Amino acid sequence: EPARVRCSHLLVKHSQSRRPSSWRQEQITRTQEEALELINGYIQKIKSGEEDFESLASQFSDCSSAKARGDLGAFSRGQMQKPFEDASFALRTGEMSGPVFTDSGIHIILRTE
């Protein structure tokens, strides 16, 4: 296991997120169910080739990392929320997760280093 991984993500918040507000939307109103449907739709379009992960993240991620095309940079264990960390360190470079749930919302993660 490396000391640190670098990842990009796409976050979809919902109305029960810890902070239901984002750079792109003043109040998050979507339900948890709707957030997961959006995440699963993005996964399916990335798999078919219809959409590019980094483009989708720039446009639609509720994390301010959207401006960096979803890049979070490098991190070790003990920093991020545990489910995010566990998913990230389980990926190979170039691999993308399924849905990952944290107190922030629902994530897709792409490990880049």
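Counting begins at 1, following the sequence as shown.
- Of the two segments examined, 90-98 and 5-13, it is 90-98 that shows the higher average Cα temperature factor in the deposited entry.
- Two stretches are in play, 76-84 and 33-41, and the higher mean C-alpha B-factor belongs to 76-84.
- Compared with the other modelled residues of the chain, the Cα B-factor recorded for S55 ranks in the highest third.
- Per-chain ranking of the deposited C-alpha B factor places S48 in the middle third.
- In the PDB entry, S64 places in the highest third of its chain by CA B-factor.
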